[PDB]
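Quick note on labels: first sequence line is chain A, next is B, and so on, each numbered from 1. Remember, it's 1-based here, ligands and their atoms both numbered in the order they're listed. Basis for what follows: all heavy atoms, side chains included, without hydrogens, waters or symmetry-related copies.
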Protein chains: 2
Amino acid sequence: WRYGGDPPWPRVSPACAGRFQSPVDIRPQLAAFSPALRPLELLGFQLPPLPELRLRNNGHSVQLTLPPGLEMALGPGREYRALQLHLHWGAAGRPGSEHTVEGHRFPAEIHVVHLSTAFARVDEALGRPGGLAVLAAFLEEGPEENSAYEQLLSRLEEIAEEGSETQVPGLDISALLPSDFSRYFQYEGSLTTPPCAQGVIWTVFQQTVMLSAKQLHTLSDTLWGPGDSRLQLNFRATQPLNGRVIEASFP
Amino acid sequence: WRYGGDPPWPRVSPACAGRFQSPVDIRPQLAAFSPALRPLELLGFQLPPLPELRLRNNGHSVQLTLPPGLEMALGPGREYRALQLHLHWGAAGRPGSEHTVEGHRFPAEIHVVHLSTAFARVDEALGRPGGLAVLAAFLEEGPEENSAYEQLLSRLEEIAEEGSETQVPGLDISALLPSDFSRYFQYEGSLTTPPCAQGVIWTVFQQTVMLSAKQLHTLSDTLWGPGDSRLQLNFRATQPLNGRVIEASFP
Ligand SMILES: COC(=O)c1cc(S(N)(=O)=O)c(SC2CCCCC2)cc1Cl
Ligand SMILES: COC(=O)c1cc(S(N)(=O)=O)c(SC2CCCCC2)cc1Cl
Ligand SMILES: [Zn+2]
Ligand SMILES: [Zn+2]
């Protein structure tokens, strides 16, 4: 499968034609305040430099494979383990976040994909309720260089080639996310890539993460994709809520 | 395992010492109002008189096998098929509901047990989040004979003996349930019988169903359990929430 160009995605996976797909346009006015939604809890995210992690240009994103041991709770009894993180970005003067807020697209978005601790394998969790959970944060232009992000953005040149990978030192994975783990939107949707399986819990942080203009440019301008062509605008079109209600952890 | 003795239930099934067990004490003023909680949808529950349904004294409860085609939705895309229903009750002048409200135990309780349609088999769904969903209603004493419950209660005498069973005409299963499908409590817990699997979504109707005194006496007084003892007080003690917030569909 390619971005914005054949193949139909439903030719690749019927699930890409489901009624309850991601990403979505978040309208904070229409979100349901749900006080049951407690602050997210992360254990094991502060990684030592060794062992190193695989950072890959899979020709769709830059993917960082996460080691065993990264535990994430959405709340009492809702336990997950981190598998990987990847990013969605645009191009020079074109934003590329997947989620939008009242129609506004942010420059980029980080996703940390997690597997429910009721499942041994991703293939058993796909399409099952709460089988996968994604933590998503918007990236916005800031005045300072983000030094958490610099550790990965500095390695992109090594993996410019489509299908290329490198080993990078472990780092504080939680430092790539906002500091506010209490304020977020939550909804049930899908993977935004084939196979677009449903039953995914999306948590979208209200607080954004700041990258320098230079970092956003390194993200959007270094990697190559399928087809002597730049890896850019790697986001799926907004999908209708189709009657789903987005919950907010805050009034 | 019998009810009200040994073997301690952990010594039958370590799962019963899980951290997120059922039933629980509902305290409506600590419940979180969650406007995302939509009215329950129950299609296919109005059964014709044939085929007949298996009704069973299994020594723990009376259990009605439900046919295929009873479809239930907790939310958009979040669908279930009914498997069976059974009851929990007390004895002469003693209540036997499983769930309590502010400490109050009701005369009896009906459980309608469903399988998520993301799972082909019950055994795949046990322990998976949202794999099983139970609809629970409290049975309270009313002036009138409940004609929906009379179809089952009139048949208890035929199956009075542990392990005996009978065939009963199709009935409207939805007629055993309260009037307002928009008003309920919901939390995630467990089976209240071994193997005490967690990941069960419990939906407890705010409104109660009314049975006559005669009918409740028939329920608690007709059936024989393990050994030569009466099948009575077939409810599990209430369990700690351990941080779980009970949600409410109504303010
Ligand atoms: C540009 O989009 C992506 O490259 C991408 C985006 C996602 S997402 N946005 O989280 O759905 C996943 S997640 C999924 C892929 C299939 C197997 C489990 C992990 C994997 C990937 Cl590879
Ligand atoms: C007195 O309790 C019961 O008789 C009972 C109570 C339940 S409950 N309250 O729904 O957990 C189930 S459900 C379950 C048991 C075996 C696995 C699938 C269905 C089955 C039964 Cl048989
Ligand atoms: Zn993604
Ligand atoms: Zn039960």
Side-chain angles (χ1 to χ4, degrees), chain A residues 3 22-23 58 60-64 83-89 96-99 108-114 132-139 189-194 196 200 202 204 234-236, chain B residues 1 3-4 9 13 15-16 21-24 56-66 82-90 96-99 108-116 119 121-128 131-139 162-163 189-204 219 223 225-226 231-236 239:
Chain A
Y3 260 120
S22 298
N58 57 34
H60 297 129
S61 186
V62 50
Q63 188 150 304
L64 178 69
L83 303 175
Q84 55 98 318
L85 63 78
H86 62 271
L87 294 97
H88 302 270
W89 60 86
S97 72
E98 286 225 292
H99 289 89
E109 189 173 332
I110 177 165
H111 290 162
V112 195
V113 183
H114 302 73
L132 301 172
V134 189
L135 298 190
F138 298 121
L139 307 196
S190 86
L191 306 176
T192 70
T193 56
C196 308
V200 180
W202 288 91
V204 185
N234 60 324
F235 59 85
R236 195 193 193 178
Chain B
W1 82 276
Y3 273 106
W9 263 19
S13 193
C16 301
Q21 294 284 291
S22 293
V24 300
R56 176 149 175 79
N57 183 354
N58 59 34
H60 303 120
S61 179
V62 49
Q63 186 155 310
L64 180 68
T65 305
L66 298 166
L83 301 171
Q84 49 109 325
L85 59 78
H86 63 267
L87 295 100
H88 305 270
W89 63 80
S97 82
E98 292 222 283
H99 292 92
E109 186 169 339
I110 188 167
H111 290 167
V112 183
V113 181
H114 303 67
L115 178 58
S116 169
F119 298 95
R121 309 172 45 99
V122 167
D123 60 9
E124 297 168 14
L126 283 166
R128 272 64 187 272
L132 296 188
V134 184
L135 297 187
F138 299 125
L139 308 192
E162 175 166 36
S190 79
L191 304 179
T192 68
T193 194
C196 297
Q198 296 185 169
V200 180
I201 299 178
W202 288 91
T203 302
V204 192
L219 183 55
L223 294 180
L231 182 35
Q232 302 188 312
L233 307 142
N234 59 340
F235 64 90
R236 175 184 204 187
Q239 307 291 311

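Although no hydrogens or angles enter the test, the distance criterion places a donor-acceptor pair under 3.5 Å between the side chain of A/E109 and the main chain of A/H99. Of the possible polar contacts, one joining the B/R56 side chain to the B/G163 backbone as a donor-acceptor pair under 3.5 Å is found. Remark: the backbone N or O of A/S190 is paired with a side-chain donor or acceptor of A/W202 at under 3.5 angstrom. At distances below 3.5 Å, not a single donor-acceptor pair connects side-chain atoms of B/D123 with backbone N or O atoms of B/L126. Side chain of B/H88 to backbone of B/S97: no donor-acceptor contact under 3.5 angstrom is found. A side-chain donor-acceptor contact under 3.5 Å links A/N234 to the backbone of A/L87.
The atom of A/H88 nearest to the Zn ion (ligand 3) is NE2, with the search restricted to N, O or S atoms. Looking only at its N/O/S atoms, B/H111 has ND1 as the one nearest to the Zn ion (ligand 4). Nearest N, O or S atom of B/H86 to the Zn ion (ligand 4): atom NE2.
The proximity of B/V113 to ligand 2, defined as any non-hydrogen pair under 4.0 Å, is limited to the side chain. Counting heavy atoms under 4.0 Å from ligand 2, residue B/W89 does not touch it at all. Heavy atoms from both the backbone and the side chain of B/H60 come within less than 4.0 Å of ligand 2. Contacts between B/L83 and ligand 2 below 4.0 angstrom, taking non-hydrogen atoms only, are absent altogether. If you look at B/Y3 next to ligand 2, the close heavy atoms, those under 4.0 Å, all belong to the side chain.
Put simply, the side chain of A/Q84 reaches to within 4.5 Å of the side chain of A/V113, judged on heavy atoms. The shortest side-chain heavy-atom distance between B/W1 and B/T193 falls under the 4.5 Å cut-off.
Scanning B/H88, B/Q63, B/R56, B/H86 for the heavy atom closest to atom 22 (Cl) of ligand 2 points to B/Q63. The residue among B/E109, B/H114, B/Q84, B/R236 with a heavy atom at the shortest distance from atom 13 (S) of ligand 2 is B/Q84.
Contact annotation for atom 16 (C) of ligand 2: protein absent (non-hydrogen atoms, distance under 4.0 Å).
Annotation: atom 9 (N) of ligand 2 to nearest protein heavy atom, B/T192 OG1, 2.8 Å. Among all non-hydrogen protein atoms, the one lying nearest atom 4 (O) of ligand 2 is B/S61 CB, 3.3 Å. Nearest non-hydrogen protein atom to atom 18 (C) of ligand 2 is B/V122 CG1, 4.0 Å.
In this structure, A/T192 and A/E98 approach most closely via the heavy-atom pair OG1-OE1, 2.5 Å.
Set against the non-hydrogen atoms of B/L191, the atoms of ligand 2 under 4.0 Å away are 11 (O), 13 (S), 14 (C). Near B/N58, meaning under 4.0 Å from any of its heavy atoms, are these atoms of ligand 2: 22 (Cl). Near B/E98, with a cut-off below 4.0 Å to any heavy atom, the atoms of ligand 2 are 9 (N). With ligand atoms numbered from 1 in the order given, ligand 2 contributes 9 (N) to contacts under 4.0 Å with heavy atoms of B/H111.
When only interatomic distances are considered, the shortest N/O to N/O separation between B/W202 and ligand 2 does not fall below 3.5 Å. Close N/O approach between B/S190 and ligand 2 is not found [any backbone or side-chain N/O within under 3.5 Å].
In this structure, A/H111 and A/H86 have perpendicular ring planes: the angle between them is above 60°, well past the 30° mark.
For the residue pair B/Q21 and B/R236, a side-chain donor N or O sits within less than 3.5 Å of a side-chain acceptor on the partner.
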